[PDB]
Amino acid sequence: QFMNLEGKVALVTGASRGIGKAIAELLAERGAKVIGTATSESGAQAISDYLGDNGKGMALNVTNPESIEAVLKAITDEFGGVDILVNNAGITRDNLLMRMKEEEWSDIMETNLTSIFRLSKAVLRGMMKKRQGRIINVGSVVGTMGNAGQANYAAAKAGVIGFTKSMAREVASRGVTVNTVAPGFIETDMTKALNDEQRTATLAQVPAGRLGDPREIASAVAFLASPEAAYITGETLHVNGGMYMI
Amino acid sequence: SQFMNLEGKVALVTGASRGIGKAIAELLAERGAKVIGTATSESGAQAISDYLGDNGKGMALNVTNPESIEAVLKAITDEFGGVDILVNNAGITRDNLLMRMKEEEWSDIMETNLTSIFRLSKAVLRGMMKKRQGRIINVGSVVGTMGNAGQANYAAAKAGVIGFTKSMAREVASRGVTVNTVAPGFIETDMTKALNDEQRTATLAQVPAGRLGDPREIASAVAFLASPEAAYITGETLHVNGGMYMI
Amino acid sequence: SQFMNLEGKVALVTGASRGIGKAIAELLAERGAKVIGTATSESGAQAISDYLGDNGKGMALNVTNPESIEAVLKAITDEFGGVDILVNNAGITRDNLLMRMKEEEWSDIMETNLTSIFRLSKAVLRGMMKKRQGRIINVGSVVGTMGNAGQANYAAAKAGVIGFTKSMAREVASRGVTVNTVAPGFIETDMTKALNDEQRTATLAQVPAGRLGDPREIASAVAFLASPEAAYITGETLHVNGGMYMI
Amino acid sequence: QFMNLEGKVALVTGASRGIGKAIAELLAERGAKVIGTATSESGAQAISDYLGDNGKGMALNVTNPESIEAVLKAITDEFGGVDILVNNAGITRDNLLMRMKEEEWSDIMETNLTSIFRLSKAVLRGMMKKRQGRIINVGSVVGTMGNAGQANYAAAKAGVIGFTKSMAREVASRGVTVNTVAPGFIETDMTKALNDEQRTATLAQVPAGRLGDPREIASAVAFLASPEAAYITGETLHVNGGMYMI
Ligand SMILES: NC(=O)c1ccc[n+]([C@@H]2O[C@H](COP(=O)([O-])OP(=O)(O)OC[C@H]3O[C@@H](n4cnc5c(N)ncnc54)[C@H](OP(=O)(O)O)[C@@H]3O)[C@@H](O)[C@H]2O)c1
Ligand SMILES: NC(=O)c1ccc[n+]([C@@H]2O[C@H](COP(=O)([O-])OP(=O)(O)OC[C@H]3O[C@@H](n4cnc5c(N)ncnc54)[C@H](OP(=O)(O)O)[C@@H]3O)[C@@H](O)[C@H]2O)c1
Ligand SMILES: NC(=O)c1ccc[n+]([C@@H]2O[C@H](COP(=O)([O-])OP(=O)(O)OC[C@H]3O[C@@H](n4cnc5c(N)ncnc54)[C@H](OP(=O)(O)O)[C@@H]3O)[C@@H](O)[C@H]2O)c1
Ligand SMILES: NC(=O)c1ccc[n+]([C@@H]2O[C@H](COP(=O)([O-])OP(=O)(O)OC[C@H]3O[C@@H](n4cnc5c(N)ncnc54)[C@H](OP(=O)(O)O)[C@@H]3O)[C@@H](O)[C@H]2O)c1
């Protein structure tokens with residue numbers, strides 16, 4: 001009965017690998033009907049393969065309003081309205097400011113910040129009608145700490161928290177909570193990229209002495225998604241091994 | 001199952017006779033922990049024994065008395081093998097505007113709400129290091145982060161809990177121990193039930209959720225941080241306040 | 001004297017026709033800076049020229065238009081040698097509850113309040129690096145830290161300003177440039193004068209100081225961060241809010 | 001007229017060297033009548049030597065209520081009531097928790113936290129009568145970040161901020177502001193202590209690439225002390241070269 005999501009419909013954007021996959025799997029373990037998304041049809045099918053009778057994968061581009069609308073209609077049709085939205089889809093377009101292109105700025109705003117606006121708005125009417133809901137944004141320690149060469153990504157991840165706090169204020173009295181989980185450096189395809197010196201240097205900033213695991217983010221998201229977290233709203237739950245302490 | 005499972009862990013929860021501490025103790029027992037809850041009185045310690053049953057026991061502890069701390073921890077070590085999860089929940093208020101605040105109101109709070117965290121945390125740390133696994137969870141307050149008129153002593157102690165938590169977290173992270181604070185908003189307990197009708201109405205007006213929190217809601221946050229699943233969370237303050245304050 | 005002295009520095013203050021930006025511009029000129037203040041209109045740009053007199057000049061700038069940015073910065077470089085102190089003050093609101101919020105209300109805010117900071121900051125940075133000295137000061141808002149119903153777009157932009165500020169600060173600190181945000185509470189300007197009587201009363205009730213702030217009070221904080229005396233402050237948010245929020 | 005303190009009486013605790021000396025000197029430059037303190041009579045005289053006709057040094061132990069009372073009476077007698085209180089006096093008693101003595105804990109609570117309570121209370125009646133005042137606490141980045149081997153110091157410096165916020169709420173409507181300046185690592189006698197590896201390691205955590213100067217803390221304190229900072233209360237002004245970004 002602890003942390004039970006039976007009866008809830010969850011949408012996890014960008015569930016094909018790493019953190020989003022871990023989130024989608026754990027939410028299904030806890031009893032939710034889960035819809036995970038990828039940017040391609042084959043990616044969507046790979047999600048359906050791992051969810052089995054616990055849900056389905058769908059193709060979604062969170063920068064395209066028509067895609068968002070089609071996906072939410074399909075979910076409502078087959079499963080009913082979204083009770084738990086996890087805004088996990090996100091990208092990087094790293095560069096020092098001196099080298100940062102207009103398109104690198106805009107791609108990050110569109111994918112990592114504006115998406116959260118669009119998806120949150122799109123699921124909110126259903127949640128307000130039922131007087132119950134969860135929105136959980138996947139932020140980053142970089143949103144709080146800043147990082148050289150990621151001024152775009154940091155702006156977007158910080159903006160997500162300001163959005164979250166304001167939305168939380170609007171919807172709290174109607175039983176909807178809005179929160180962010182901010183991972184530190186987690187072992188995924190974003191990371192295996194870093195070279196050895198960079199990895200060693202990232203690790204040296206972590207008291208725990210290791211990168212996080214995707215499952216560790218999934219656990220934090222599942223906790224905030226639960227009935228037991230009803231009195232948490234407008235909050236950022238930092239899961240970073242002590243890399244930053246707020 | 002093995003999800004949020006605390007089987008095999010020994011938990012000490014200070015001030016488990018009522019309120020938030022009682023809810024913490026009951027939930028940690030539900031999750032499989034062997035729980036020792038404490039009260040300042042023998043009647044409270046027996047009431048804790050009674051509600052825990054085969055899942056644990058109650059002991060009398062005054063967290064301002066080092067001899068009491070030493071005795072309780074020895075009892076726990078002798079029988080159960082010593083503390084894997086420490087929940088520093090015991091705390092009090094001694095409210096007054098600063099111009100009316102007595103030296104004893106200041107010291108009572110430092111001793112009960114802040115120095116207690118230093119003493120208890122130090123006393124359990126050796127055993128946790130040896131096992132390469134531990135959890136310390138301090139119960140802070142939204143007031144530590146926000147401040148509150150009439151509670152400068154309480155606010156200083158609760159803010160100081162976080163400073164301690166961050167420092168200890170940096171010291172012990174590489175040996176498998178996490179140290180974190182859960183900071184409740186206004187929770188329905190005897191401490192809240194203190195406020196008059198006007199003050200309660202005015203407090204509720206500050207909470208977006210439009211209600212006080214339930215002790216169980218703090219227990220859930222504590223149980224989550226106590227779990228194996230929270231091993232990458234350390235030096236963190238988890239705010240459970242209905243939106244009263246947002247960090 | 002040489003205390004908080006800005007003689008020899010070129011300051012660009014966006015949105016200096018009224019409100020907080022006007023007060024910033026007037027104070028930076030008082031402290032010795034050569035000030036270029038901007039308005040969206042030629043009448044406003046001339047009014048700025050008129051109040052600055054021999055201490056500076058006004059120019060028309062729309063911070064959402066990259067051609068306008070390029071033209072203004074070239075004018076400043078050609079005449080005055082380019083910007084030593086950038087104050088990103090220009091900003092707007094497009095308030096609505098989320099369920100009523102239009103795509104254009106979201107985009108107008110991202111563009112005016114957030115992307116403008118990226119564009120202007122990038123455009124002045126090369127010159128500041130070359131000189132091994134610079135100041136960028138962004139005007140944020142208490143709303144970026146606290147959130148506010150009806151302002152999710154504004155709050156996201158203002159919070160995003162801080163994320164940008166921290167990252168840029170880390171990039172440019174070792175080359176003599178500091179990057180910081182001043183986050184005002186509710187300040188008496190046309191933006192505040194927006195609120196109805198009930199809303200204004202309710203806003204004042206949230207401010208311990210019991211008044212709105214004055215534009216001059218934000219100008220003072222900006223002037224302090226712009227000074228040589230603030231060289232060890234970077235990546236910081238200086239809150240000027242009468243106690244409305246406390247971090 | 002900018003940052004003018006003419007007519008104000010300032011008490012700076014622990015003004016014999018480093019940060020406190022810099023604070024006392026700058027406040028006097030800006031026109032305040034300054035009383036700086038040391039723990040000895042010779043220390044007090046050294047303060048009187050540098051202040052000259054701008055003020056005086058006094059012997060004060062901020063852990064002793066009778067000393068506090070005597071010092072405030074002497075100030076009221078000679079200068080009038082304290083308008084600006086700068087709580088700068090502070091010590092370290094470093095140790096890993098495993099080695100931390102009860103006396104090392106208590107000395108830090110008494111000197112660094114309880115002192116702020118006692119002095120603040122003692123100056124507040126005068127400030128509330130006049131409907132104008134400034135209290136500025138000298139915190140530490142360690143209060144916000146934490147630091148291994150300084151759990152006592154971090155507790156005390158963090159507690160100072162919770163105290164400050166609560167006091168600010170009580171006194172704001174009567175024209176008194178209460179704030180903290182949180183230095184990063186500043187070149188003083190606290191620091192020259194660190195060995196070369198430790199210095200190098202501290203510096204590597206600072207984007208600015210240098211330790212701060214005492215004058216840099218003095219400037220921040222003088223700004224908060226000014227009439228121009230009337231709308232700042234309950235705030236922490238971080239002066240740390242980017243070592244931590246809040
Ligand atoms: N990895 C880390 O250390 C780390 C740390 C902190 C925060 N985060 C945050 O965690 C989230 C997931 O990160 P991750 O490391 O697991 O990333 P990942 O491995 O790169 O996966 C990203 C996911 O987002 C999807 N996606 C990208 N653009 C999209 C778009 N326009 N519309 C819909 N979906 C899109 C991808 O779809 P496809 O599979 O079809 O490409 C993919 O499933 C991101 O928000 C990230 O910023 C990550
Ligand atoms: N709204 C809230 O209630 C709220 C909000 C935020 C934070 N908190 C914090 O949450 C914690 C629990 O509060 P609560 O509301 O549940 O309080 P409560 O109902 O007053 O319960 C206090 C508990 O602490 C014990 N205790 C008190 N002094 C002690 C001492 N010197 N030594 C050992 N135990 C002692 C009490 O034992 P006895 O039963 O024997 O007296 C009791 O079990 C406290 O740290 C409090 O500051 C409360
Ligand atoms: N309570 C407050 O007033 C408050 C609180 C916190 C933060 N702030 C922030 O403080 C800043 C100044 O606000 P305020 O209250 O003084 O505002 P205001 O009175 O509305 O003044 C706005 C200024 O920005 C200029 N501006 C607007 N849009 C622009 C654009 N697209 N390009 C270039 N300039 C543009 C305006 O030019 P025109 O005169 O030509 O229209 C004007 O000079 C804003 O960033 C605001 O978000 C205000
Ligand atoms: N140095 C740093 O990097 C640094 C960084 C962050 C924050 N801080 C904080 O800044 C403040 C000043 O530090 P600092 O580095 O300049 O220190 P310092 O060089 O050690 O000077 C400390 C001052 O406090 C006085 N003092 C000590 N105990 C006292 C007591 N019981 N009663 C009255 N006065 C007492 C000393 O008096 P005597 O001269 O008579 O001994 C001295 O004037 C402290 O609060 C410190 O925690 C320092």
# chains A, B, ... in the order shown; residues from 1 in each chain; ligands from 1

$ residues_around --residues "residue 60 (chain A)" --least-positions-apart "2" --cutoff "8 Å" --atoms "only C-alpha atoms" --output "count of residues only"
10

$ residues_around --residues "region 15-30 of chain C" --least-positions-apart "2" --cutoff "9 Å" --atoms "only C-alpha atoms" --output "number ranges by chain"
C: 6-7, 11-13, 32-40, 44-45, 47-48, 51-52, 55-56, 58, 61, 87-91, 187-191, 214-220, 222-223, 226

$ interface_residues --of "chain A" --to "chain B" --cutoff "8 Å" --atoms "only C-alpha atoms" --output "PyMOL selection string"
chain A and resi 165+168-169+172-175+207-209+212+216+219-220+223+228-242+245-246

$ write_last_selection --atoms "N, CA, C and O atoms" --output "tab-separated table (two decimals), in the first residue's frame"
chain	number	residue	atom	x	y	z
A	165	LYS	N	7.31	26.22	-9.67
A	165	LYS	CA	6.85	26.91	-8.46
A	165	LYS	C	5.59	27.71	-8.73
A	165	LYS	O	4.62	27.66	-7.97
A	168	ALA	N	2.76	25.29	-9.27
A	168	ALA	CA	2.38	24.67	-8.03
A	168	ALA	C	1.43	25.56	-7.24
A	168	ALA	O	0.47	25.07	-6.62
A	169	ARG	N	1.72	26.86	-7.23
A	169	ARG	CA	0.85	27.81	-6.57
A	169	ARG	C	-0.55	27.88	-7.14
A	169	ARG	O	-1.53	28.08	-6.39
A	172	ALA	N	-2.35	23.87	-6.47
A	172	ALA	CA	-2.27	23.12	-5.22
A	172	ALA	C	-3.63	22.89	-4.55
A	172	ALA	O	-3.83	21.85	-3.92
A	173	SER	N	-4.54	23.85	-4.66
A	173	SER	CA	-5.76	23.72	-3.86
A	173	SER	C	-6.69	22.71	-4.54
A	173	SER	O	-7.63	22.26	-3.89
A	174	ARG	N	-6.41	22.36	-5.80
A	174	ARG	CA	-7.14	21.34	-6.57
A	174	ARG	C	-6.43	19.96	-6.66
A	174	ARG	O	-6.75	19.14	-7.54
A	175	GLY	N	-5.55	19.71	-5.71
A	175	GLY	CA	-5.02	18.37	-5.48
A	175	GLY	C	-3.92	17.96	-6.44
A	175	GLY	O	-3.63	16.78	-6.57
A	207	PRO	N	31.01	13.75	-3.28
A	207	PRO	CA	31.33	13.10	-1.99
A	207	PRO	C	31.07	11.60	-1.99
A	207	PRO	O	31.91	10.84	-1.48
A	208	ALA	N	29.98	11.16	-2.63
A	208	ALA	CA	29.68	9.74	-2.72
A	208	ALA	C	30.73	8.93	-3.49
A	208	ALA	O	30.72	7.70	-3.40
A	209	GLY	N	31.49	9.58	-4.36
A	209	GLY	CA	32.60	8.94	-5.09
A	209	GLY	C	32.23	8.08	-6.27
A	209	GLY	O	33.03	7.20	-6.70
A	212	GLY	N	25.73	8.59	-10.27
A	212	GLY	CA	24.46	7.98	-9.92
A	212	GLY	C	24.04	6.94	-10.91
A	212	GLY	O	24.53	6.92	-12.01
A	216	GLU	N	18.24	5.30	-9.49
A	216	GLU	CA	18.20	6.21	-8.36
A	216	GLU	C	17.36	7.46	-8.60
A	216	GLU	O	16.66	7.98	-7.67
A	219	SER	N	13.65	6.09	-8.55
A	219	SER	CA	13.08	5.95	-7.22
A	219	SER	C	12.55	7.30	-6.68
A	219	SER	O	11.51	7.35	-6.03
A	220	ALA	N	13.32	8.38	-6.90
A	220	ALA	CA	12.92	9.71	-6.45
A	220	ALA	C	11.63	10.18	-7.16
A	220	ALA	O	10.70	10.74	-6.56
A	223	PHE	N	8.63	8.20	-5.84
A	223	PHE	CA	8.22	8.71	-4.55
A	223	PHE	C	7.36	9.96	-4.68
A	223	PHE	O	6.25	10.04	-4.16
A	228	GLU	N	1.52	9.30	-1.13
A	228	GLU	CA	2.20	9.70	0.08
A	228	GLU	C	2.93	11.01	-0.02
A	228	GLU	O	3.32	11.57	1.02
A	229	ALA	N	3.17	11.50	-1.24
A	229	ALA	CA	3.86	12.77	-1.45
A	229	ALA	C	2.90	13.90	-1.74
A	229	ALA	O	3.27	14.95	-2.26
A	230	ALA	N	1.67	13.80	-1.28
A	230	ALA	CA	0.68	14.84	-1.54
A	230	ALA	C	0.99	16.19	-0.94
A	230	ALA	O	0.41	17.19	-1.39
A	231	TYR	N	1.79	16.21	0.13
A	231	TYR	CA	2.11	17.48	0.76
A	231	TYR	C	3.43	18.07	0.29
A	231	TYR	O	3.97	18.99	0.94
A	232	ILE	N	3.97	17.54	-0.79
A	232	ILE	CA	5.19	18.08	-1.41
A	232	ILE	C	4.78	18.76	-2.69
A	232	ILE	O	4.34	18.10	-3.61
A	233	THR	N	4.99	20.07	-2.78
A	233	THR	CA	4.75	20.76	-4.01
A	233	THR	C	5.65	21.97	-4.12
A	233	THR	O	5.97	22.61	-3.14
A	234	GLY	N	6.02	22.30	-5.37
A	234	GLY	CA	6.92	23.41	-5.61
A	234	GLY	C	8.39	23.12	-5.21
A	234	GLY	O	9.16	24.10	-5.01
A	235	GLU	N	8.73	21.86	-4.97
A	235	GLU	CA	10.00	21.46	-4.37
A	235	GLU	C	10.93	20.91	-5.43
A	235	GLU	O	10.43	20.40	-6.50
A	236	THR	N	12.22	20.96	-5.17
A	236	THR	CA	13.26	20.34	-5.99
A	236	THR	C	13.93	19.31	-5.08
A	236	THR	O	14.45	19.66	-4.01
A	237	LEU	N	13.87	18.06	-5.53
A	237	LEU	CA	14.48	16.93	-4.79
A	237	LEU	C	15.82	16.65	-5.52
A	237	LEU	O	15.83	16.17	-6.67
A	238	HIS	N	16.92	16.98	-4.85
A	238	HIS	CA	18.27	16.83	-5.40
A	238	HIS	C	18.83	15.45	-5.16
A	238	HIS	O	18.88	14.98	-3.99
A	239	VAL	N	19.26	14.77	-6.23
A	239	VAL	CA	19.77	13.37	-6.12
A	239	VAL	C	21.14	13.36	-6.81
A	239	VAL	O	21.24	13.02	-8.00
A	240	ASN	N	22.17	13.80	-6.08
A	240	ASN	CA	23.43	14.15	-6.71
A	240	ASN	C	24.68	13.66	-5.96
A	240	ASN	O	25.76	14.09	-6.28
A	241	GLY	N	24.53	12.80	-4.95
A	241	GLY	CA	25.70	12.23	-4.25
A	241	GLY	C	26.44	13.24	-3.40
A	241	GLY	O	27.55	13.00	-3.00
A	242	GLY	N	25.81	14.37	-3.19
A	242	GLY	CA	26.44	15.48	-2.50
A	242	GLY	C	27.22	16.45	-3.37
A	242	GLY	O	27.94	17.32	-2.83
A	245	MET	N	24.83	21.00	-2.39
A	245	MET	CA	23.96	20.85	-1.24
A	245	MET	C	23.25	22.16	-1.03
A	245	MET	O	23.88	23.20	-0.76
A	246	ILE	N	21.92	22.10	-1.09
A	246	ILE	CA	21.12	23.30	-1.04
A	246	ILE	C	20.47	23.34	0.30
A	246	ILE	O	20.61	24.41	0.90

$ interface_residues --of "chain A" --to "chain D" --cutoff "10 Å" --atoms "only C-alpha atoms" --output "ChimeraX atom specification"
/A:144-146,205,244-246

$ write_last_selection --atoms "N, CA, C and O atoms" --output "PDB file, in the first residue's frame"
ATOM      1  N   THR A 144      20.906  24.492 -10.867  1.00  0.00           N
ATOM      2  CA  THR A 144      21.156  25.096  -9.545  1.00  0.00           C
ATOM      3  C   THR A 144      22.571  25.588  -9.400  1.00  0.00           C
ATOM      4  O   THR A 144      22.798  26.651  -8.780  1.00  0.00           O
ATOM      5  N   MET A 145      23.523  24.817  -9.918  1.00  0.00           N
ATOM      6  CA  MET A 145      24.965  25.109  -9.732  1.00  0.00           C
ATOM      7  C   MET A 145      25.515  26.017 -10.860  1.00  0.00           C
ATOM      8  O   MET A 145      26.467  26.782 -10.656  1.00  0.00           O
ATOM      9  N   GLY A 146      24.919  25.936 -12.032  1.00  0.00           N
ATOM     10  CA  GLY A 146      25.508  26.461 -13.276  1.00  0.00           C
ATOM     11  C   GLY A 146      26.654  25.553 -13.715  1.00  0.00           C
ATOM     12  O   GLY A 146      27.143  24.725 -12.921  1.00  0.00           O
ATOM     13  N   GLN A 205      34.337  15.846  -7.648  1.00  0.00           N
ATOM     14  CA  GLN A 205      33.370  16.778  -7.070  1.00  0.00           C
ATOM     15  C   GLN A 205      32.183  16.082  -6.377  1.00  0.00           C
ATOM     16  O   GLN A 205      31.304  16.772  -5.883  1.00  0.00           O
ATOM     17  N   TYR A 244      26.227  18.976  -4.930  1.00  0.00           N
ATOM     18  CA  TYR A 244      25.787  20.305  -4.534  1.00  0.00           C
ATOM     19  C   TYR A 244      24.783  20.131  -3.398  1.00  0.00           C
ATOM     20  O   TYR A 244      24.063  19.128  -3.377  1.00  0.00           O
ATOM     21  N   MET A 245      24.826  21.002  -2.389  1.00  0.00           N
ATOM     22  CA  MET A 245      23.964  20.852  -1.242  1.00  0.00           C
ATOM     23  C   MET A 245      23.247  22.164  -1.033  1.00  0.00           C
ATOM     24  O   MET A 245      23.877  23.205  -0.759  1.00  0.00           O
ATOM     25  N   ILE A 246      21.924  22.100  -1.088  1.00  0.00           N
ATOM     26  CA  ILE A 246      21.117  23.295  -1.044  1.00  0.00           C
ATOM     27  C   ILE A 246      20.467  23.345   0.305  1.00  0.00           C
ATOM     28  O   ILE A 246      20.609  24.413   0.900  1.00  0.00           O
TER      29      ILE A 246
END

$ residues_around --residues "residue 136 (chain A)" --least-positions-apart "4" --cutoff "9 Å" --atoms "only C-alpha atoms" --output "PyMOL selection string"
chain A and resi 84-88+164+177-181+221+224-225

$ write_last_selection --atoms "N, CA and C atoms" --output "tab-separated table (two decimals), in the first residue's frame"
chain	number	residue	atom	x	y	z
A	84	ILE	N	-0.21	11.23	-14.01
A	84	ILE	CA	1.19	11.50	-13.66
A	84	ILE	C	1.92	11.83	-14.93
A	85	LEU	N	2.44	13.07	-15.01
A	85	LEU	CA	3.27	13.49	-16.16
A	85	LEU	C	4.71	13.61	-15.66
A	86	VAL	N	5.61	12.88	-16.30
A	86	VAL	CA	7.03	13.01	-16.03
A	86	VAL	C	7.71	13.63	-17.25
A	87	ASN	N	8.15	14.88	-17.14
A	87	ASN	CA	8.80	15.61	-18.23
A	87	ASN	C	10.29	15.27	-18.17
A	88	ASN	N	10.66	14.18	-18.79
A	88	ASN	CA	12.04	13.73	-18.81
A	88	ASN	C	12.78	14.06	-20.10
A	164	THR	N	7.69	25.55	-12.43
A	164	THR	CA	7.16	24.59	-11.47
A	164	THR	C	6.57	25.27	-10.23
A	177	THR	N	0.04	18.30	-7.47
A	177	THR	CA	1.39	18.75	-7.06
A	177	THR	C	2.34	18.81	-8.28
A	178	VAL	N	3.26	19.76	-8.24
A	178	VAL	CA	4.23	20.00	-9.33
A	178	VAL	C	5.58	20.14	-8.68
A	179	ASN	N	6.52	19.26	-9.05
A	179	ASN	CA	7.85	19.16	-8.41
A	179	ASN	C	8.89	18.87	-9.47
A	180	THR	N	10.14	19.06	-9.10
A	180	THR	CA	11.29	18.71	-9.94
A	180	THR	C	12.19	17.72	-9.20
A	181	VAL	N	12.73	16.71	-9.91
A	181	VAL	CA	13.84	15.90	-9.43
A	181	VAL	C	15.06	16.38	-10.19
A	221	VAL	N	11.54	9.95	-8.47
A	221	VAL	CA	10.36	10.29	-9.23
A	221	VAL	C	9.18	9.47	-8.75
A	224	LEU	N	7.82	10.94	-5.48
A	224	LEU	CA	7.00	12.13	-5.69
A	224	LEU	C	5.66	11.84	-6.38
A	225	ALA	N	5.59	10.80	-7.22
A	225	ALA	CA	4.38	10.43	-7.90
A	225	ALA	C	3.30	9.77	-7.00

$ closest_residue --among "B:136, B:202, B:146, B:128" --to "chain C" --atoms "only C-alpha atoms"
B:146

$ select_by_dssp --residues "region 74-125 of chain C" --states "strand (DSSP E)" --output "PyMOL selection string"
chain C and resi 85-88

$ closest_atom_pairs --of "chain D" --to "ligand 4" --cutoff "7 Å" --atoms "only C-alpha atoms and all ligand atoms" --output "CSV"
residue,atom,partner,partner_atom_place_in_ligand_line,distance
D:13,CA,ligand 4,34 (N),6.0
D:14,CA,ligand 4,43 (O),3.2
D:15,CA,ligand 4,43 (O),4.7
D:16,CA,ligand 4,43 (O),4.3
D:17,CA,ligand 4,19 (O),5.5
D:18,CA,ligand 4,16 (O),3.9
D:19,CA,ligand 4,16 (O),3.9
D:20,CA,ligand 4,16 (O),5.6
D:37,CA,ligand 4,34 (N),6.7
D:38,CA,ligand 4,40 (O),3.9
D:39,CA,ligand 4,40 (O),3.6
D:40,CA,ligand 4,40 (O),5.4
D:43,CA,ligand 4,40 (O),5.7
D:60,CA,ligand 4,33 (C),5.2
D:61,CA,ligand 4,32 (N),3.4
D:62,CA,ligand 4,32 (N),3.9
D:63,CA,ligand 4,31 (N),5.2
D:88,CA,ligand 4,45 (O),4.6
D:89,CA,ligand 4,24 (O),3.6
D:90,CA,ligand 4,45 (O),3.7
D:91,CA,ligand 4,27 (C),5.6
D:111,CA,ligand 4,31 (N),5.4
D:112,CA,ligand 4,45 (O),6.9
D:138,CA,ligand 4,45 (O),5.2
D:139,CA,ligand 4,7 (C),5.5
D:140,CA,ligand 4,7 (C),4.0
D:141,CA,ligand 4,6 (C),6.3
D:182,CA,ligand 4,7 (C),6.3
D:183,CA,ligand 4,6 (C),4.3
D:184,CA,ligand 4,5 (C),5.2
D:185,CA,ligand 4,3 (O),3.7
D:186,CA,ligand 4,3 (O),3.7
D:187,CA,ligand 4,3 (O),6.1
D:188,CA,ligand 4,1 (N),4.9
D:189,CA,ligand 4,19 (O),4.8
D:190,CA,ligand 4,1 (N),4.7
D:191,CA,ligand 4,1 (N),5.9

$ select_by_dssp --residues "region 40-131 of chain A" --states "alpha helix (DSSP H)" --output "VMD selection string"
chain A and resid 41 to 51 65 to 78 102 to 109 115 to 130

$ residues_around --residues "region 79-82 of chain D" --least-positions-apart "6" --cutoff "8 Å" --atoms "only C-alpha atoms" --output "PyMOL selection string"
chain D and resi 8-11+33+72+123+126-127

$ write_last_selection --atoms "N, CA, C and O atoms" --output "short mmCIF file (atom, residue, chain, number, x, y, z; two decimals), in the first residue's frame"
data_model
loop_
_atom_site.label_atom_id
_atom_site.label_comp_id
_atom_site.auth_asym_id
_atom_site.auth_seq_id
_atom_site.Cartn_x
_atom_site.Cartn_y
_atom_site.Cartn_z
N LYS D 8 25.88 58.08 12.27
CA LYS D 8 25.55 56.74 12.77
C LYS D 8 26.65 56.22 13.66
O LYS D 8 27.83 56.52 13.41
N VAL D 9 26.27 55.52 14.72
CA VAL D 9 27.20 54.87 15.63
C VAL D 9 27.25 53.36 15.28
O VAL D 9 26.21 52.69 15.25
N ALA D 10 28.44 52.83 15.00
CA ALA D 10 28.59 51.43 14.58
C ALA D 10 29.42 50.72 15.58
O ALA D 10 30.42 51.27 16.03
N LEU D 11 28.98 49.54 15.98
CA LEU D 11 29.78 48.63 16.79
C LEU D 11 30.24 47.44 15.92
O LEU D 11 29.40 46.72 15.38
N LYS D 33 30.69 56.89 13.43
CA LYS D 33 31.46 56.84 14.66
C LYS D 33 31.55 55.36 14.99
O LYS D 33 30.52 54.70 15.24
N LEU D 72 28.14 48.06 26.03
CA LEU D 72 27.03 48.85 25.50
C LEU D 72 26.77 50.07 26.34
O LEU D 72 26.48 51.15 25.81
N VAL D 123 21.07 45.48 21.45
CA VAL D 123 21.03 46.75 20.67
C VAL D 123 19.65 47.06 20.11
O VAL D 123 19.39 48.18 19.68
N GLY D 126 17.09 50.20 21.40
CA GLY D 126 17.48 51.53 20.90
C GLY D 126 17.09 51.78 19.47
O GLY D 126 16.58 52.85 19.10
N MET D 127 17.32 50.76 18.64
CA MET D 127 17.00 50.82 17.23
C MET D 127 15.47 50.90 17.03
O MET D 127 15.00 51.62 16.15
#

$ closest_residue --among "C:159, C:85, C:98, C:139" --to "ligand 3" --atoms "only C-alpha atoms and all ligand atoms"
C:139

$ residues_around --residues "region 69-75 of chain C" --least-positions-apart "3" --cutoff "10 Å" --atoms "only C-alpha atoms" --output "list in words"
residues 12, 36, 38, 59, 60, 61, 62, 63, 64, 65, 66, 78, 79, 80, 81, 82, 83, 116, 119, 120, 123 and 124 of chain C

$ residues_around --residues "residue 97 (chain D)" --least-positions-apart "5" --cutoff "9 Å" --atoms "only C-alpha atoms" --output "list in words"
residues 118, 121, 122, 125, 168 and 171 of chain B; 148, 149, 150, 151 and 152 of chain D

$ decode --residues "region 73-79 of chain C" --atoms "C-alpha atoms" --output "mmCIF file, in the first residue's frame"
data_model
loop_
_atom_site.group_PDB
_atom_site.id
_atom_site.type_symbol
_atom_site.label_atom_id
_atom_site.label_comp_id
_atom_site.auth_asym_id
_atom_site.auth_seq_id
_atom_site.Cartn_x
_atom_site.Cartn_y
_atom_site.Cartn_z
ATOM 1 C CA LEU C 73 26.264 48.006 -29.884
ATOM 2 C CA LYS C 74 28.085 49.249 -32.988
ATOM 3 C CA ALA C 75 26.999 52.835 -32.206
ATOM 4 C CA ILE C 76 28.258 52.445 -28.678
ATOM 5 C CA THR C 77 31.554 50.902 -29.784
ATOM 6 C CA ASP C 78 32.147 53.480 -32.524
ATOM 7 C CA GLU C 79 31.701 56.438 -30.216
#
